[PDB]
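Have a look at start05.cif; it's mmCIF, N, CA and C atoms:
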data_entry
loop_
_atom_site.label_atom_id
_atom_site.label_comp_id
_atom_site.auth_asym_id
_atom_site.auth_seq_id
_atom_site.Cartn_x
_atom_site.Cartn_y
_atom_site.Cartn_z
N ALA A 717 50.59 61.51 -50.39
CA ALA A 717 50.19 62.90 -50.24
C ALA A 717 48.80 63.16 -50.78
N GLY A 718 48.56 64.41 -51.15
CA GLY A 718 47.21 64.88 -51.38
C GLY A 718 46.54 65.28 -50.08
N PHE A 719 45.22 65.20 -50.05
CA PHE A 719 44.50 65.46 -48.82
C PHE A 719 44.71 64.30 -47.86
N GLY A 720 44.90 64.62 -46.58
CA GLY A 720 45.11 63.57 -45.60
C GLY A 720 46.44 62.87 -45.73
N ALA A 721 47.48 63.58 -46.19
CA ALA A 721 48.82 63.02 -46.15
C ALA A 721 49.29 62.82 -44.71
N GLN A 722 49.03 63.81 -43.85
CA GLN A 722 49.36 63.69 -42.44
C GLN A 722 48.58 62.56 -41.78
N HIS A 723 47.31 62.40 -42.16
CA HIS A 723 46.55 61.26 -41.67
C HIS A 723 47.21 59.94 -42.03
N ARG A 724 47.85 59.87 -43.20
CA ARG A 724 48.46 58.62 -43.64
C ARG A 724 49.79 58.38 -42.94
N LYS A 725 50.61 59.43 -42.79
CA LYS A 725 51.85 59.29 -42.02
C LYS A 725 51.55 58.85 -40.59
N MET A 726 50.71 59.63 -39.90
CA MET A 726 50.32 59.30 -38.53
C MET A 726 49.70 57.91 -38.45
N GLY A 727 48.86 57.56 -39.43
CA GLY A 727 48.21 56.26 -39.40
C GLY A 727 49.17 55.10 -39.60
N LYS A 728 50.19 55.29 -40.44
CA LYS A 728 51.18 54.24 -40.63
C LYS A 728 52.04 54.07 -39.37
N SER A 729 52.59 55.18 -38.87
CA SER A 729 53.43 55.09 -37.67
C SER A 729 52.64 54.54 -36.48
N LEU A 730 51.35 54.85 -36.40
CA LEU A 730 50.52 54.30 -35.33
C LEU A 730 50.16 52.84 -35.58
N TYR A 731 49.96 52.44 -36.84
CA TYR A 731 49.69 51.04 -37.13
C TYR A 731 50.87 50.17 -36.74
N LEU A 732 52.09 50.64 -37.00
CA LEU A 732 53.26 49.83 -36.69
C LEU A 732 53.49 49.73 -35.19
N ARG A 733 53.41 50.86 -34.48
CA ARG A 733 53.86 50.96 -33.09
C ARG A 733 52.70 51.08 -32.10
N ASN A 734 51.55 50.49 -32.42
CA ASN A 734 50.41 50.47 -31.50
C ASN A 734 49.47 49.36 -31.92
N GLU A 735 49.19 48.43 -31.01
CA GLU A 735 48.43 47.23 -31.36
C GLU A 735 46.92 47.49 -31.39
N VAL A 736 46.43 48.43 -30.58
CA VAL A 736 45.00 48.76 -30.61
C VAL A 736 44.66 49.47 -31.92
N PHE A 737 45.40 50.53 -32.23
CA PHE A 737 45.24 51.24 -33.50
C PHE A 737 45.32 50.28 -34.67
N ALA A 738 46.31 49.38 -34.65
CA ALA A 738 46.45 48.41 -35.73
C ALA A 738 45.25 47.47 -35.79
N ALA A 739 44.75 47.06 -34.63
CA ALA A 739 43.56 46.20 -34.60
C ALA A 739 42.38 46.88 -35.28
N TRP A 740 42.18 48.17 -35.01
CA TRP A 740 41.06 48.85 -35.65
C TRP A 740 41.32 49.10 -37.14
N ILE A 741 42.57 49.37 -37.52
CA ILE A 741 42.88 49.53 -38.94
C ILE A 741 42.58 48.25 -39.70
N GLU A 742 42.93 47.10 -39.12
CA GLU A 742 42.58 45.83 -39.74
C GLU A 742 41.06 45.64 -39.79
N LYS A 743 40.39 45.94 -38.67
CA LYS A 743 38.93 45.82 -38.61
C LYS A 743 38.25 46.59 -39.73
N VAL A 744 38.70 47.81 -40.00
CA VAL A 744 38.10 48.59 -41.07
C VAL A 744 38.55 48.09 -42.44
N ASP A 745 39.81 47.66 -42.54
CA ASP A 745 40.34 47.22 -43.83
C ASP A 745 39.59 46.01 -44.36
N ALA A 746 39.18 45.10 -43.46
CA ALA A 746 38.36 43.98 -43.90
C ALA A 746 37.01 44.45 -44.43
N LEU A 747 36.41 45.44 -43.76
CA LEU A 747 35.10 45.93 -44.18
C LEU A 747 35.16 46.61 -45.54
N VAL A 748 36.15 47.48 -45.75
CA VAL A 748 36.28 48.12 -47.06
C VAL A 748 36.65 47.09 -48.12
N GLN A 749 37.48 46.11 -47.77
CA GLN A 749 37.80 45.04 -48.70
C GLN A 749 36.58 44.18 -49.03
N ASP A 750 35.55 44.22 -48.19
CA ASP A 750 34.30 43.55 -48.52
C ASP A 750 33.40 44.44 -49.37
N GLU A 751 33.34 45.73 -49.06
CA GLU A 751 32.48 46.64 -49.82
C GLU A 751 33.13 47.10 -51.11
N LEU A 752 34.46 47.17 -51.16
CA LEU A 752 35.20 47.54 -52.35
C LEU A 752 36.21 46.45 -52.68
N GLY A 753 37.02 46.69 -53.71
CA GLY A 753 37.99 45.70 -54.14
C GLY A 753 39.34 45.83 -53.45
N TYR A 754 39.81 47.06 -53.28
CA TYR A 754 41.15 47.31 -52.79
C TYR A 754 41.19 47.20 -51.26
N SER A 755 42.34 47.52 -50.68
CA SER A 755 42.58 47.40 -49.25
C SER A 755 43.15 48.70 -48.71
N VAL A 756 42.55 49.22 -47.64
CA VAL A 756 43.00 50.49 -47.09
C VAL A 756 44.34 50.34 -46.40
N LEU A 757 44.60 49.17 -45.80
CA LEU A 757 45.87 48.96 -45.11
C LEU A 757 47.05 49.03 -46.08
N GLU A 758 46.88 48.48 -47.29
CA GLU A 758 47.90 48.64 -48.32
C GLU A 758 48.16 50.11 -48.60
N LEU A 759 47.10 50.91 -48.74
CA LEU A 759 47.26 52.32 -49.06
C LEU A 759 47.95 53.07 -47.92
N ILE A 760 47.64 52.71 -46.67
CA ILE A 760 48.24 53.39 -45.53
C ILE A 760 49.72 53.04 -45.42
N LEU A 761 50.04 51.74 -45.43
CA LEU A 761 51.43 51.32 -45.30
C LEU A 761 52.26 51.79 -46.49
N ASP A 762 51.84 51.42 -47.71
CA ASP A 762 52.48 51.94 -48.91
C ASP A 762 52.16 53.43 -49.02
N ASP A 763 52.95 54.26 -48.34
CA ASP A 763 52.66 55.68 -48.20
C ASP A 763 52.77 56.42 -49.53
N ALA A 764 51.97 56.01 -50.51
CA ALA A 764 51.99 56.60 -51.84
C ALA A 764 51.08 57.82 -51.90
N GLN A 765 51.37 58.70 -52.85
CA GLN A 765 50.52 59.86 -53.07
C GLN A 765 49.17 59.43 -53.63
N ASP A 766 48.11 60.10 -53.18
CA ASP A 766 46.75 59.72 -53.56
C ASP A 766 45.96 60.99 -53.87
N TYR A 767 45.65 61.18 -55.15
CA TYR A 767 44.78 62.27 -55.57
C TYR A 767 43.35 61.81 -55.84
N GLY A 768 43.10 60.51 -55.81
CA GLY A 768 41.75 59.99 -55.95
C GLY A 768 40.88 60.41 -54.79
N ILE A 769 39.70 60.96 -55.08
CA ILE A 769 38.84 61.49 -54.03
C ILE A 769 38.36 60.36 -53.12
N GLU A 770 37.84 59.28 -53.72
CA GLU A 770 37.25 58.21 -52.93
C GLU A 770 38.29 57.54 -52.04
N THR A 771 39.43 57.13 -52.61
CA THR A 771 40.43 56.42 -51.83
C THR A 771 41.01 57.30 -50.73
N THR A 772 41.15 58.61 -50.98
CA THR A 772 41.58 59.53 -49.93
C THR A 772 40.56 59.59 -48.81
N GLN A 773 39.28 59.72 -49.16
CA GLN A 773 38.22 59.73 -48.15
C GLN A 773 38.23 58.45 -47.33
N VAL A 774 38.48 57.31 -47.98
CA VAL A 774 38.50 56.04 -47.26
C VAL A 774 39.70 55.98 -46.32
N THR A 775 40.87 56.42 -46.79
CA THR A 775 42.06 56.41 -45.94
C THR A 775 41.85 57.27 -44.70
N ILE A 776 41.44 58.53 -44.90
CA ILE A 776 41.17 59.41 -43.76
C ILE A 776 40.11 58.79 -42.85
N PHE A 777 39.11 58.13 -43.44
CA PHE A 777 38.06 57.50 -42.65
C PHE A 777 38.63 56.43 -41.72
N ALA A 778 39.35 55.46 -42.28
CA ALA A 778 39.92 54.39 -41.46
C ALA A 778 40.85 54.95 -40.40
N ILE A 779 41.69 55.92 -40.77
CA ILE A 779 42.61 56.51 -39.80
C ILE A 779 41.85 57.15 -38.64
N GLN A 780 40.76 57.86 -38.95
CA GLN A 780 40.01 58.54 -37.90
C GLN A 780 39.24 57.54 -37.03
N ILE A 781 38.75 56.45 -37.63
CA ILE A 781 38.09 55.41 -36.84
C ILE A 781 39.08 54.79 -35.86
N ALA A 782 40.30 54.50 -36.33
CA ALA A 782 41.28 53.86 -35.46
C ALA A 782 41.78 54.81 -34.38
N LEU A 783 42.00 56.08 -34.72
CA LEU A 783 42.43 57.05 -33.72
C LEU A 783 41.34 57.29 -32.68
N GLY A 784 40.09 57.40 -33.13
CA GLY A 784 38.99 57.61 -32.20
C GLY A 784 38.77 56.43 -31.28
N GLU A 785 38.87 55.21 -31.82
CA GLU A 785 38.71 54.03 -30.98
C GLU A 785 39.92 53.83 -30.07
N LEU A 786 41.09 54.31 -30.48
CA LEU A 786 42.23 54.32 -29.56
C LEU A 786 41.99 55.29 -28.41
N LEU A 787 41.32 56.38 -28.65
CA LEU A 787 41.02 57.28 -27.57
C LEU A 787 39.96 56.71 -26.72
N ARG A 788 39.02 56.03 -27.31
CA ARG A 788 37.99 55.38 -26.50
C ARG A 788 38.57 54.27 -25.64
N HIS A 789 39.61 53.59 -26.13
CA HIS A 789 40.28 52.56 -25.33
C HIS A 789 40.89 53.15 -24.07
N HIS A 790 41.23 54.44 -24.09
CA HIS A 790 41.74 55.13 -22.91
C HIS A 790 40.64 55.84 -22.13
N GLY A 791 39.38 55.51 -22.39
CA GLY A 791 38.29 55.92 -21.52
C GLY A 791 37.65 57.26 -21.82
N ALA A 792 37.75 57.76 -23.05
CA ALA A 792 37.17 59.04 -23.41
C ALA A 792 36.25 58.87 -24.60
N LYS A 793 35.08 59.50 -24.53
CA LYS A 793 34.17 59.54 -25.66
C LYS A 793 34.84 60.28 -26.81
N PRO A 794 35.06 59.64 -27.96
CA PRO A 794 35.87 60.29 -29.01
C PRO A 794 35.25 61.57 -29.55
N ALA A 795 33.93 61.61 -29.71
CA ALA A 795 33.28 62.82 -30.21
C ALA A 795 33.42 64.00 -29.26
N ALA A 796 33.93 63.79 -28.05
CA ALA A 796 34.09 64.86 -27.08
C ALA A 796 35.50 65.45 -27.06
N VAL A 797 36.47 64.80 -27.69
CA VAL A 797 37.85 65.27 -27.63
C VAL A 797 38.37 65.60 -29.03
N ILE A 798 37.85 64.92 -30.05
CA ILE A 798 38.27 65.18 -31.43
C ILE A 798 37.04 65.25 -32.34
N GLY A 799 35.87 65.51 -31.75
CA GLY A 799 34.64 65.51 -32.53
C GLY A 799 34.65 66.51 -33.67
N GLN A 800 35.27 67.68 -33.45
CA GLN A 800 35.30 68.71 -34.48
C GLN A 800 36.24 68.36 -35.62
N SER A 801 37.22 67.49 -35.39
CA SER A 801 38.21 67.14 -36.41
C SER A 801 37.80 65.93 -37.24
N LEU A 802 36.62 65.37 -37.00
CA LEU A 802 36.21 64.17 -37.70
C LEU A 802 35.58 64.51 -39.05
N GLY A 803 35.79 63.63 -40.02
CA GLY A 803 35.11 63.74 -41.29
C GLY A 803 33.64 63.40 -41.14
N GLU A 804 32.91 63.59 -42.24
CA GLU A 804 31.47 63.33 -42.23
C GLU A 804 31.16 61.90 -41.79
N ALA A 805 31.94 60.93 -42.27
CA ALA A 805 31.67 59.53 -41.98
C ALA A 805 32.12 59.14 -40.58
N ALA A 806 33.34 59.50 -40.20
CA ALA A 806 33.82 59.20 -38.86
C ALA A 806 32.96 59.88 -37.80
N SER A 807 32.47 61.10 -38.09
CA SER A 807 31.57 61.75 -37.15
C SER A 807 30.20 61.09 -37.15
N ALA A 808 29.74 60.64 -38.32
CA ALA A 808 28.50 59.88 -38.37
C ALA A 808 28.60 58.60 -37.55
N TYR A 809 29.80 58.03 -37.43
CA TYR A 809 30.00 56.82 -36.65
C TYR A 809 30.14 57.13 -35.16
N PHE A 810 30.88 58.18 -34.81
CA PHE A 810 31.14 58.48 -33.41
C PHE A 810 30.04 59.32 -32.77
N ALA A 811 29.36 60.16 -33.55
CA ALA A 811 28.31 61.03 -33.02
C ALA A 811 26.91 60.66 -33.47
N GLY A 812 26.76 60.11 -34.68
CA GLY A 812 25.47 59.73 -35.20
C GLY A 812 25.07 58.30 -34.97
N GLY A 813 25.87 57.53 -34.23
CA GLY A 813 25.55 56.15 -33.96
C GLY A 813 25.49 55.26 -35.18
N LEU A 814 26.04 55.70 -36.31
CA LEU A 814 26.01 54.90 -37.52
C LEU A 814 26.98 53.72 -37.40
N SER A 815 26.51 52.55 -37.82
CA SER A 815 27.33 51.35 -37.75
C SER A 815 28.52 51.46 -38.69
N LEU A 816 29.62 50.81 -38.30
CA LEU A 816 30.83 50.86 -39.12
C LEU A 816 30.59 50.32 -40.52
N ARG A 817 29.70 49.39 -40.64
CA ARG A 817 29.38 48.87 -41.91
C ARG A 817 28.74 49.91 -42.78
N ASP A 818 27.62 50.46 -42.36
CA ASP A 818 26.92 51.47 -43.13
C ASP A 818 27.78 52.70 -43.39
N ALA A 819 28.67 53.03 -42.46
CA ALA A 819 29.61 54.13 -42.70
C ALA A 819 30.57 53.79 -43.83
N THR A 820 31.15 52.58 -43.79
CA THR A 820 32.10 52.17 -44.82
C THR A 820 31.44 52.19 -46.20
N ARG A 821 30.28 51.55 -46.34
CA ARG A 821 29.61 51.58 -47.63
C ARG A 821 29.03 52.96 -47.94
N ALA A 822 28.96 53.85 -46.95
CA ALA A 822 28.50 55.21 -47.20
C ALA A 822 29.61 56.05 -47.82
N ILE A 823 30.84 55.79 -47.49
CA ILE A 823 31.88 56.57 -48.12
C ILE A 823 32.30 55.97 -49.42
N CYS A 824 31.82 54.78 -49.73
CA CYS A 824 32.14 54.20 -51.00
C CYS A 824 30.98 54.52 -51.87
N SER A 825 31.20 55.11 -53.03
CA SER A 825 30.12 55.41 -53.94
C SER A 825 30.64 56.31 -55.00
N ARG A 826 30.55 55.97 -56.28
CA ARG A 826 29.97 54.76 -56.85
C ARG A 826 28.46 54.81 -57.06
N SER A 827 27.88 55.90 -56.62
CA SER A 827 26.45 56.22 -56.66
C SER A 827 26.22 57.58 -56.02
#
Any chance you could give the structure as structure tokens?
Amino acid sequence: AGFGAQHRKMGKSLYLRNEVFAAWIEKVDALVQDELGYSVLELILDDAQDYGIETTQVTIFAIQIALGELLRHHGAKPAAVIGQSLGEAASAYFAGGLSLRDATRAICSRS
């Protein structure tokens, strides 16, 4: 729970029962595991309450990247169908052309 509890429920159920969504969740989880120590996939699956600002932002970030890329897999520009619902980082990735790498290390900080 906390902020993005629904993002975590939806993200877990989608990770289990959708291979594209799961592929993107893994793709982001490796990147955060490179930029940080922990793993976002652990946090999503282990549906624990999260009041930490950074880890919540990272969870919502990965969930939105995977949902947006799942929509893109069905042939729609993600910023055109859920652009208003994106966080600063996911929107920076889908609308600002920011690389997933720079986005991941942008939400981590730590500075």
Provide an axis-aligned box for all listed atoms of region 793-804 of chain A, padding each side by 5 Å; report its centre and its edge lengths in Å to one decimal, as lines of an AutoDock Vina configuration file.
center_x = 34.8
center_y = 64.1
center_z = -33.4
size_x = 17.2
size_y = 19.2
size_z = 27.7
Write out as a ChimeraX atom specification which residues come within 8 Å of region 798-801 of chain A when counting only N, CA and C atoms, dropping same-chain ones fewer than 2 positions away. /A:780,784,793-796,803-804,806-807,810-811
Can you list, as a PyMOL selection string, all residues belonging to region 738-805 of chain A that DSSP tags as helix (DSSP H, G or I)? chain A and resi 738-751+756-761+769-789+794-796+799-801+804-805
Starting from the PyMOL selection byres (((chain A and resi 756-769 and name CA) around 7) and name CA), expand the selection into actual residues of this file and give them as a list in words. residues 717, 718, 724, 727, 728, 741, 745, 754, 755, 770, 771, 772, 773 and 775 of chain A
Write a file of the just-selected residues containing N, CA and C atoms, as a PDB file, keeping the file's coordinate frame.
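selection33.pdb, freshly written:
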ATOM      1  N   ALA A 717      50.590  61.510 -50.390  1.00  0.00           N
ATOM      2  CA  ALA A 717      50.190  62.900 -50.240  1.00  0.00           C
ATOM      3  C   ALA A 717      48.800  63.160 -50.780  1.00  0.00           C
ATOM      4  N   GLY A 718      48.560  64.410 -51.150  1.00  0.00           N
ATOM      5  CA  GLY A 718      47.210  64.880 -51.380  1.00  0.00           C
ATOM      6  C   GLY A 718      46.540  65.280 -50.080  1.00  0.00           C
ATOM      7  N   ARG A 724      47.850  59.870 -43.200  1.00  0.00           N
ATOM      8  CA  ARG A 724      48.460  58.620 -43.640  1.00  0.00           C
ATOM      9  C   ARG A 724      49.790  58.380 -42.940  1.00  0.00           C
ATOM     10  N   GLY A 727      48.860  57.560 -39.430  1.00  0.00           N
ATOM     11  CA  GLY A 727      48.210  56.260 -39.400  1.00  0.00           C
ATOM     12  C   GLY A 727      49.170  55.100 -39.600  1.00  0.00           C
ATOM     13  N   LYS A 728      50.190  55.290 -40.440  1.00  0.00           N
ATOM     14  CA  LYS A 728      51.180  54.240 -40.630  1.00  0.00           C
ATOM     15  C   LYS A 728      52.040  54.070 -39.370  1.00  0.00           C
ATOM     16  N   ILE A 741      42.570  49.370 -37.520  1.00  0.00           N
ATOM     17  CA  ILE A 741      42.880  49.530 -38.940  1.00  0.00           C
ATOM     18  C   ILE A 741      42.580  48.250 -39.700  1.00  0.00           C
ATOM     19  N   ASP A 745      39.810  47.660 -42.540  1.00  0.00           N
ATOM     20  CA  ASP A 745      40.340  47.220 -43.830  1.00  0.00           C
ATOM     21  C   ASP A 745      39.590  46.010 -44.360  1.00  0.00           C
ATOM     22  N   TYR A 754      39.810  47.060 -53.280  1.00  0.00           N
ATOM     23  CA  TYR A 754      41.150  47.310 -52.790  1.00  0.00           C
ATOM     24  C   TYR A 754      41.190  47.200 -51.260  1.00  0.00           C
ATOM     25  N   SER A 755      42.340  47.520 -50.680  1.00  0.00           N
ATOM     26  CA  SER A 755      42.580  47.400 -49.250  1.00  0.00           C
ATOM     27  C   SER A 755      43.150  48.700 -48.710  1.00  0.00           C
ATOM     28  N   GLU A 770      37.840  59.280 -53.720  1.00  0.00           N
ATOM     29  CA  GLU A 770      37.250  58.210 -52.930  1.00  0.00           C
ATOM     30  C   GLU A 770      38.290  57.540 -52.040  1.00  0.00           C
ATOM     31  N   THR A 771      39.430  57.130 -52.610  1.00  0.00           N
ATOM     32  CA  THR A 771      40.430  56.420 -51.830  1.00  0.00           C
ATOM     33  C   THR A 771      41.010  57.300 -50.730  1.00  0.00           C
ATOM     34  N   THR A 772      41.150  58.610 -50.980  1.00  0.00           N
ATOM     35  CA  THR A 772      41.580  59.530 -49.930  1.00  0.00           C
ATOM     36  C   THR A 772      40.560  59.590 -48.810  1.00  0.00           C
ATOM     37  N   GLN A 773      39.280  59.720 -49.160  1.00  0.00           N
ATOM     38  CA  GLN A 773      38.220  59.730 -48.150  1.00  0.00           C
ATOM     39  C   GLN A 773      38.230  58.450 -47.330  1.00  0.00           C
ATOM     40  N   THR A 775      40.870  56.420 -46.790  1.00  0.00           N
ATOM     41  CA  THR A 775      42.060  56.410 -45.940  1.00  0.00           C
ATOM     42  C   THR A 775      41.850  57.270 -44.700  1.00  0.00           C
TER      43      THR A 775
END
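The space separating CA of residue 722 (chain A) from atom N of residue 813 (chain A) comes to 25.6 Å.
One finds CA of residue 777 (chain A) at 6.7 Å from CA of residue 805 (chain A).
CA of residue 740 (chain A) sits 15.9 Å away from atom C of residue 808 (chain A).
Among the candidates A:738, A:725, A:730, A:809, the one nearest to residue 823 (chain A) when counting only C-alpha atoms is A:809.
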Near residue 744 (chain A), counting only C-alpha atoms, which residues have an atom at most 9 Å away, once you skip same-chain residues fewer than 4 positions from it, shown as a VMD selection string? chain A and resid 739 to 740 748 to 749 756 to 757 778 781 to 782 816 to 817 820
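Among the candidates A:802, A:821, A:785, A:791, the one nearest to residue 736 (chain A) when counting all atoms listed in the file is A:785.
Nearest to residue 786 (chain A) of all the residues A:774, A:731, A:747, A:815 is A:731, counting only C-alpha atoms.
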For residue 818 (chain A), the closest of A:779, A:751, A:790, A:732 counting only C-alpha atoms is A:751
Quick one: region 768-808 of chain A with C-alpha atoms, as a PDB file, in the first residue's frame?
ATOM      1  CA  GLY A 768       9.286   4.966   1.235  1.00  0.00           C
ATOM      2  CA  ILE A 769       9.117   7.780  -1.305  1.00  0.00           C
ATOM      3  CA  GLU A 770      11.885   6.529  -3.598  1.00  0.00           C
ATOM      4  CA  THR A 771      10.850   2.863  -3.726  1.00  0.00           C
ATOM      5  CA  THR A 772       7.216   3.853  -4.328  1.00  0.00           C
ATOM      6  CA  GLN A 773       8.271   6.139  -7.186  1.00  0.00           C
ATOM      7  CA  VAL A 774      10.341   3.295  -8.657  1.00  0.00           C
ATOM      8  CA  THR A 775       7.482   0.793  -8.383  1.00  0.00           C
ATOM      9  CA  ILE A 776       4.979   3.132 -10.052  1.00  0.00           C
ATOM     10  CA  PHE A 777       7.653   3.907 -12.657  1.00  0.00           C
ATOM     11  CA  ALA A 778       8.279   0.283 -13.654  1.00  0.00           C
ATOM     12  CA  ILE A 779       4.543  -0.473 -13.655  1.00  0.00           C
ATOM     13  CA  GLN A 780       3.829   2.486 -15.946  1.00  0.00           C
ATOM     14  CA  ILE A 781       6.693   1.582 -18.300  1.00  0.00           C
ATOM     15  CA  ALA A 782       5.378  -1.974 -18.620  1.00  0.00           C
ATOM     16  CA  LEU A 783       1.744  -0.901 -19.067  1.00  0.00           C
ATOM     17  CA  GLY A 784       2.699   1.721 -21.643  1.00  0.00           C
ATOM     18  CA  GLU A 785       4.877  -0.689 -23.604  1.00  0.00           C
ATOM     19  CA  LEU A 786       2.060  -3.241 -23.446  1.00  0.00           C
ATOM     20  CA  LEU A 787      -0.157  -0.666 -25.075  1.00  0.00           C
ATOM     21  CA  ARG A 788       2.489   0.063 -27.615  1.00  0.00           C
ATOM     22  CA  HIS A 789       2.664  -3.673 -28.370  1.00  0.00           C
ATOM     23  CA  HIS A 790      -0.987  -3.346 -29.431  1.00  0.00           C
ATOM     24  CA  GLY A 791      -0.126  -0.545 -31.854  1.00  0.00           C
ATOM     25  CA  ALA A 792      -0.902   2.664 -29.940  1.00  0.00           C
ATOM     26  CA  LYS A 793       1.416   5.500 -28.978  1.00  0.00           C
ATOM     27  CA  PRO A 794       1.296   5.297 -25.156  1.00  0.00           C
ATOM     28  CA  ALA A 795       1.506   9.058 -24.559  1.00  0.00           C
ATOM     29  CA  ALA A 796      -1.701   9.378 -26.619  1.00  0.00           C
ATOM     30  CA  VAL A 797      -3.926   7.041 -24.572  1.00  0.00           C
ATOM     31  CA  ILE A 798      -2.530   7.259 -21.023  1.00  0.00           C
ATOM     32  CA  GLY A 799      -0.214  10.254 -21.376  1.00  0.00           C
ATOM     33  CA  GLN A 800      -2.036  12.249 -18.698  1.00  0.00           C
ATOM     34  CA  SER A 801      -1.808   9.388 -16.172  1.00  0.00           C
ATOM     35  CA  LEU A 802       1.974   9.004 -16.413  1.00  0.00           C
ATOM     36  CA  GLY A 803       4.395  10.050 -13.711  1.00  0.00           C
ATOM     37  CA  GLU A 804       7.174  12.534 -14.370  1.00  0.00           C
ATOM     38  CA  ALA A 805       9.630   9.773 -15.310  1.00  0.00           C
ATOM     39  CA  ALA A 806       7.322   7.528 -17.346  1.00  0.00           C
ATOM     40  CA  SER A 807       6.114  10.618 -19.218  1.00  0.00           C
ATOM     41  CA  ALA A 808       9.713  11.739 -19.706  1.00  0.00           C
TER      42      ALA A 808
END
